[PDB]
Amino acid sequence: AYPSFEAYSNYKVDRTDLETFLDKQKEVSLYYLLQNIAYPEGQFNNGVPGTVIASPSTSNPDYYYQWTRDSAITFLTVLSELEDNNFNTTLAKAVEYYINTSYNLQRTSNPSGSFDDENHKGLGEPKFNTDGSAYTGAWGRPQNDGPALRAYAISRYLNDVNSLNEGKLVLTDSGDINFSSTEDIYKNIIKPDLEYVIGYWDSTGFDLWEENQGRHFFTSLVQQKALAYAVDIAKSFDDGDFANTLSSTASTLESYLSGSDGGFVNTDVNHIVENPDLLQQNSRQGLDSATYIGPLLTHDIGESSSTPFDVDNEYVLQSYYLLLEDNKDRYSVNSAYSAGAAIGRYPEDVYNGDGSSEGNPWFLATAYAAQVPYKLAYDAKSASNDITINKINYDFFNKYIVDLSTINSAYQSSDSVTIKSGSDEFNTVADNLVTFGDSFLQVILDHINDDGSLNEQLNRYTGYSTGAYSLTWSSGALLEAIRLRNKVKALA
């Protein structure tokens, strides 16, 4: 049940037309995303401002908590909206309430630890109650992605304040707020999260799905990004020694991500192994949608991203392809989809949305799966960069995008194919990438609730929605897919 949910009034998804559906969901999914964020001007005006609930579901399942990860990812979407809409002050205030609530959560002792522990050990805590109190029950803690994603989101807000709002914060004269300046936000909210990452990146915690302990590609990747992105922020506040610490730690994490100890790049199976300890345990073979979700989160389409493992990485793209192929066989709902399809978390998943039996595809994974080819196309066309296809990825391109033999008939004798910007085949590949991305959004159109809200899951047999209702992360993932689709389609 989800008693505080308020449907977008008198809307029923029109199943017949993707273009109009996406245009409407640009608004409807934003309505549903914002509904789960507490701010005085929002529908959620009775919560502590800055609280993001994962879902209005309070039972079957109970997702009525604030997760550090989900809140940060939600705010990455709010920031995109802010950036695309003239630094809208309602959204900016919502961000500053989130920053303030984050300050308070950081200083809340919890079962992972406290702020006064070494490198703020308490910041690894996955979730809190919506009133701001610690969640004291057993849980898969810590999760070391949260502080990284939060540091990155709040760092991005500071950059936006400087570039789009002449360095001006919007809640500086409010009573409830624990900063008076951008420097205060850096020193007291961003920096502690960065210190946590510095202190704990090379330690054991749970993954983003809250289920397994050990090495995780997604976690290490978002940590590397937070460190790298903060270098220039630290420099701007005369924190130069720390900035150089961030830069060196970021480089070291990049080496870790690519090396043997990390275990993520696997040349026996030629894809990322998301959780290498589970490969060792022979409980999972390494395919996970987190492998491509991370890259999408850490390479924003307005940024210059100089961080590793974008979606063009051959191992990431092969994990994507192989999960797609797995899921097209695994889920009967996919039996008639010839291109994109409903995608889950990992092939071994047994979580059914409210218990354990067999796993389902997820709306967020399916929306991020649209983004992968949109971003390949966008990155190439927007920068006039060549599309280089490694031999590892030939099967993927041949099956879904273009027949490589029509570009270079001898491609099988080469380690790669390089498709030159401006050529007919480049334009065809970019167009076909976008059409392929669209096919994943068509899956969402086929199976979304009539009211335009996105659950966590869709049933593997029928595609009917199931699990947590109007999941904020689902809403964000679709909104970011639409934003990217529109950006790539708008290029001449």
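Heads up: residue numbers just count along the shown sequence, starting at 1.
Asks: Take the C-alpha B-factors listed in the entry for 95-103 and for 286-294, compute each mean, and give the stretch with the larger one.
Replies: If you average the C-alpha B-factors of 95-103 and of 286-294, the larger mean comes out for 95-103.
Asks: Taking only the CA atoms, which stretch has the higher mean B-factor in the record, 156-164 or 206-214?
Replies: According to the PDB entry, the answer is 156-164.
Asks: Out of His271, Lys127, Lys191, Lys420, whose C-alpha atom has the biggest B factor in the entry?
Replies: That would be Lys420, according to the entry.
Asks: Go through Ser335, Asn313, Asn327, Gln143 one by one and give the residue whose Cα B-factor in the PDB entry is largest.
Replies: In this record, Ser335 carries the highest C-alpha B-factor of the candidates.
Asks: Hey, what third does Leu454 fall into on Cα B-factor, ranked over its chain?
Replies: It belongs to the lowest third of the chain when residues are ordered by C-alpha B-factor.
Asks: Hey, what third does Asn45 fall into on Cα B-factor, ranked over its chain?
Replies: Highest third of the chain for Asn45's C-alpha B-factor.
Asks: Hey, what third does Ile185 fall into on Cα B-factor, ranked over its chain?
Replies: Middle third - that is where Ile185 ends up once the chain's C-alpha B-factors are sorted.
Asks: Sorting the chain's CA B-factors, does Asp70 end up in the lowest, middle or highest third?
Replies: Ranked within chain, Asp70 CA B lands in the lowest tercile.
Asks: Would you mind checking where the Cα B-factor of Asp277 ranks among the modelled residues of its chain, as the lowest, middle or highest third?
Replies: Lowest third, going by the recorded CA B-factors of the chain.
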